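Per-entry structural report
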Amino acid sequence: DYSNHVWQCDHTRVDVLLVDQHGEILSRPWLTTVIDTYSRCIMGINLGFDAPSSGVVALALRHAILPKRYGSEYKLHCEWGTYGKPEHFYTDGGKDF
DNA sequence: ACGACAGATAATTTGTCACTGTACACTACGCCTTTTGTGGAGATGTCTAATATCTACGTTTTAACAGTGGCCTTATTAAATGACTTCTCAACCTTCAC
Ligand SMILES: [Mg+2]
(Lines give C-alpha, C1' and ligand atoms only; values in the text may rest on other atoms or scores of the structure.)
Protein backbone atom coordinates (compact mmCIF):
# COMPACT_ATOMS: atom_id res chain seq x y z
CA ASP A 1 0.00 0.00 0.00
CA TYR A 2 2.89 2.43 0.47
CA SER A 3 6.65 2.93 0.33
CA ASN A 4 8.75 0.46 2.35
CA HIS A 5 5.67 -1.70 2.85
CA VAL A 6 7.32 -4.67 1.11
CA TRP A 7 10.98 -4.73 0.23
CA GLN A 8 12.21 -7.48 -2.06
CA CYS A 9 15.68 -9.04 -2.36
CA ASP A 10 17.54 -11.42 -4.69
CA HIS A 11 21.06 -12.13 -5.93
CA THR A 12 22.55 -12.77 -9.31
CA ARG A 13 25.92 -13.39 -10.93
CA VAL A 14 27.12 -10.26 -12.67
CA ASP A 15 28.07 -10.72 -16.34
CA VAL A 16 31.45 -9.03 -16.04
CA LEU A 17 34.69 -10.86 -15.41
CA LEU A 18 36.58 -8.77 -12.90
CA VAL A 19 40.32 -8.64 -12.27
CA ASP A 20 42.66 -8.27 -9.34
CA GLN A 21 44.32 -4.88 -9.07
CA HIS A 22 47.35 -6.67 -10.52
CA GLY A 23 45.14 -7.42 -13.53
CA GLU A 24 44.67 -11.20 -13.40
CA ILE A 25 41.24 -12.74 -13.92
CA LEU A 26 38.80 -12.88 -11.00
CA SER A 27 35.60 -14.89 -11.57
CA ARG A 28 32.40 -12.85 -11.80
CA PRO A 29 30.98 -11.26 -8.61
CA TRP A 30 27.48 -11.64 -7.18
CA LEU A 31 25.11 -8.67 -7.03
CA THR A 32 22.42 -8.42 -4.32
CA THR A 33 19.55 -5.94 -4.71
CA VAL A 34 17.02 -4.60 -2.18
CA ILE A 35 14.02 -2.98 -3.85
CA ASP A 36 10.97 -1.00 -2.72
CA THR A 37 7.90 -2.66 -4.22
CA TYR A 38 5.93 0.56 -4.21
CA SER A 39 8.03 3.49 -5.52
CA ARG A 40 10.15 0.86 -7.29
CA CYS A 41 13.36 2.50 -6.16
CA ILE A 42 16.36 0.29 -5.79
CA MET A 43 16.97 0.85 -2.10
CA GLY A 44 20.41 -0.73 -1.76
CA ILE A 45 22.85 -3.26 -3.16
CA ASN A 46 25.79 -5.42 -2.24
CA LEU A 47 28.31 -6.28 -4.95
CA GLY A 48 31.01 -8.82 -4.19
CA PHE A 49 32.53 -12.22 -4.87
CA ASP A 50 30.94 -13.82 -1.79
CA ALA A 51 28.30 -16.37 -2.71
CA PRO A 52 24.66 -15.85 -1.60
CA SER A 53 24.89 -15.96 2.18
CA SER A 54 23.09 -14.51 5.17
CA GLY A 55 26.07 -12.25 5.71
CA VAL A 56 25.66 -11.00 2.16
CA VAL A 57 21.92 -10.53 2.69
CA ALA A 58 22.70 -8.68 5.93
CA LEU A 59 25.21 -6.55 4.01
CA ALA A 60 22.63 -5.44 1.45
CA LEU A 61 20.09 -4.86 4.23
CA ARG A 62 22.56 -2.64 6.08
CA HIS A 63 23.14 -0.48 2.98
CA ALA A 64 19.44 -0.34 2.16
CA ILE A 65 18.19 0.55 5.64
CA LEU A 66 20.90 3.07 6.36
CA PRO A 67 21.08 6.54 4.79
CA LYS A 68 23.47 6.88 1.85
CA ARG A 69 26.60 9.02 1.67
CA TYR A 70 29.07 9.05 -1.22
CA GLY A 71 32.16 11.16 -1.79
CA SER A 72 33.30 13.23 -4.75
CA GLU A 73 34.99 10.17 -6.25
CA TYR A 74 31.38 9.27 -6.97
CA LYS A 75 30.64 12.09 -9.38
CA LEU A 76 26.93 12.02 -8.54
CA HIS A 77 24.53 14.75 -9.64
CA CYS A 78 21.50 13.16 -7.96
CA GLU A 79 21.50 11.95 -4.38
CA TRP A 80 20.29 8.56 -3.16
CA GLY A 81 17.85 10.03 -0.66
CA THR A 82 16.28 6.72 0.43
CA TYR A 83 16.45 4.89 3.78
CA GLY A 84 14.34 3.39 6.59
CA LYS A 85 13.18 -0.11 7.44
CA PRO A 86 10.83 -2.34 5.46
CA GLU A 87 7.60 -3.48 7.04
CA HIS A 88 7.92 -6.84 5.27
CA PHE A 89 10.65 -8.59 3.34
CA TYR A 90 9.89 -10.71 0.28
CA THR A 91 12.36 -13.27 -1.03
CA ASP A 92 12.96 -16.54 -2.78
CA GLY A 93 13.66 -19.83 -0.97
CA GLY A 94 17.45 -19.66 -0.96
CA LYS A 95 19.10 -21.08 2.14
CA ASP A 96 20.43 -17.62 2.98
CA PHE A 97 16.88 -16.27 2.90
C1' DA B 1 -37.12 -19.60 -61.00
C1' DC B 2 -34.34 -22.48 -59.44
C1' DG B 3 -31.99 -26.36 -58.88
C1' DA B 4 -31.31 -30.73 -60.37
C1' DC B 5 -29.03 -34.94 -63.78
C1' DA B 6 -24.27 -36.77 -65.41
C1' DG B 7 -19.91 -34.85 -65.87
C1' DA B 8 -15.95 -30.78 -65.98
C1' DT B 9 -12.75 -28.41 -63.43
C1' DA B 10 -10.06 -25.90 -59.69
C1' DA B 11 -8.65 -27.09 -55.99
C1' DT B 12 -6.82 -30.51 -52.21
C1' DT B 13 -3.38 -33.89 -50.78
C1' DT B 14 0.58 -37.51 -52.09
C1' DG B 15 4.96 -37.93 -53.55
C1' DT B 16 9.85 -36.36 -56.00
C1' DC B 17 14.07 -34.44 -55.64
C1' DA B 18 17.43 -30.27 -55.93
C1' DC B 19 18.70 -27.30 -52.50
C1' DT B 20 20.33 -25.28 -47.90
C1' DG B 21 20.87 -24.23 -43.04
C1' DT B 22 22.79 -26.04 -39.36
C1' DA B 23 25.57 -28.61 -35.83
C1' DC B 24 29.67 -31.46 -35.35
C1' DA B 25 33.94 -28.45 -33.34
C1' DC B 26 32.75 -30.99 -25.88
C1' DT B 27 31.54 -28.00 -22.24
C1' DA B 28 26.32 -28.79 -16.31
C1' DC B 29 24.78 -31.91 -12.71
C1' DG B 30 28.44 -28.68 -10.26
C1' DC B 31 29.70 -24.58 -6.78
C1' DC B 32 28.03 -22.98 -2.56
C1' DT B 33 25.12 -22.34 1.48
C1' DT B 34 22.27 -23.67 5.45
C1' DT B 35 20.07 -26.85 8.83
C1' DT B 36 20.30 -30.96 11.80
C1' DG B 37 19.94 -35.27 14.00
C1' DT B 38 23.73 -38.37 15.55
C1' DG B 39 27.86 -38.88 18.00
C1' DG B 40 32.77 -38.30 21.44
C1' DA B 41 34.65 -36.76 24.68
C1' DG B 42 35.30 -34.41 29.22
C1' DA B 43 34.44 -31.08 33.18
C1' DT B 44 31.29 -31.29 36.57
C1' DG B 45 27.76 -32.79 39.89
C1' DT B 46 25.73 -36.82 42.63
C1' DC B 47 25.62 -39.16 47.24
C1' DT B 48 26.44 -43.43 49.76
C1' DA B 49 27.84 -47.90 53.11
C1' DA B 50 31.65 -48.75 56.06
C1' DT B 51 35.47 -49.06 58.74
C1' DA B 52 36.54 -46.93 61.77
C1' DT B 53 37.11 -42.98 66.10
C1' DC B 54 36.07 -42.09 70.60
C1' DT B 55 33.92 -41.32 74.10
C1' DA B 56 30.43 -43.07 77.16
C1' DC B 57 27.44 -46.59 78.68
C1' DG B 58 28.04 -47.64 83.12
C1' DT B 59 29.23 -52.82 84.97
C1' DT B 60 32.53 -56.07 87.61
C1' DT B 61 36.15 -56.73 90.90
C1' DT B 62 39.10 -55.49 95.22
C1' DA B 63 40.46 -54.38 99.39
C1' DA B 64 39.71 -52.07 103.16
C1' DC B 65 37.60 -52.02 107.12
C1' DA B 66 33.42 -51.77 110.00
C1' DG B 67 30.15 -53.93 112.49
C1' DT B 68 28.22 -58.37 114.78
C1' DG B 69 29.19 -62.29 117.66
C1' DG B 70 31.69 -65.93 120.87
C1' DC B 71 34.83 -66.40 124.36
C1' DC B 72 37.17 -65.01 128.61
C1' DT B 73 35.63 -68.31 136.24
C1' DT B 74 35.99 -66.57 140.91
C1' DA B 75 37.08 -66.75 146.21
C1' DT B 76 40.83 -66.65 150.32
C1' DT B 77 45.48 -66.01 152.18
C1' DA B 78 50.52 -65.32 152.27
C1' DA B 79 54.60 -62.76 150.05
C1' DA B 80 57.29 -58.92 147.41
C1' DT B 81 56.87 -54.05 145.52
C1' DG B 82 54.61 -49.19 145.06
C1' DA B 83 51.48 -46.01 147.58
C1' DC B 84 47.70 -43.98 151.00
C1' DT B 85 45.92 -43.09 155.97
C1' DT B 86 46.25 -42.70 161.21
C1' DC B 87 48.98 -41.96 165.85
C1' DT B 88 53.35 -40.21 168.42
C1' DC B 89 57.32 -36.70 168.80
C1' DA B 90 56.58 -34.56 178.26
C1' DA B 91 59.03 -32.47 182.00
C1' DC B 92 59.49 -31.51 186.72
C1' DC B 93 60.03 -33.89 190.87
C1' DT B 94 61.42 -37.66 194.30
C1' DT B 95 64.61 -41.05 196.15
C1' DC B 96 68.52 -43.67 196.86
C1' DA B 97 72.90 -44.01 196.47
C1' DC B 98 79.24 -41.52 197.72
MG1 LIG C 1 17.09 -15.65 -6.46
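Residues numbered from 1 in each chain as written, not as in the entry; some residues may be left out. Chains lettered and ligands numbered in written order. Part of a larger assembly, values for the part shown. Heavy atoms only, no water.

Turning our eyes to something else, we now look at the packing of aromatic side chains. All told, the structure shown has two aromatic pairs when counted by the stated rule. Consider the rings of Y70 and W80, whose centres lie 6.4 Å apart with planes at 10°: the pair is stacked. Of this pair, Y70 sits in the loop between α1 (54-65) and β6 (89-90) while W80 sits in the loop between α1 and β6, placing them ten residues apart in sequence. When its relative accessible area of 32% is taken as the criterion, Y70 is described as partly exposed. Looking at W80, the relative accessible area reads 28%, which means it is partly exposed. One aromatic cluster is present, built from ring pairs that chain together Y70, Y74 and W80. Looking at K68, its charged tip hangs above the ring of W80, at a distance of 5.3 Å from the centre. (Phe/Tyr/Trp six-rings, centres within 6.5 Å; stacked < 30°, edge-to-face > 60°. Helix = DSSP H or I, 4+ residues; strand = E, 2+ residues; numbered from the N terminus. Buried < 20%, exposed > 50% of the residue type's maximum accessible area, 1.4 Å probe, protein only. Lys NZ or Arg CZ within 6 Å of the ring centre and 35° of its normal.)

Within the structure, DNA strand B sits among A51, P52, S53, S54 and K95. A distance of 2.9 Å is found between a phosphate oxygen of DNA strand B and a backbone nitrogen or oxygen belonging to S54. Here a base oxygen of DNA strand B and a side-chain polar atom of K95 are 2.6 Å apart. When its residues are assigned to classes, the surface near DNA strand B shows two nonpolar, two polar and one charged. (Near = heavy atom within 4 Å. Polar contact = N/O pair within 3.5 Å; in protein donor to acceptor, adjacent residues only side chain to side chain. Nonpolar A, V, L, I, M, F, W, Y, C, P; charged D, E, K, R; others polar.)

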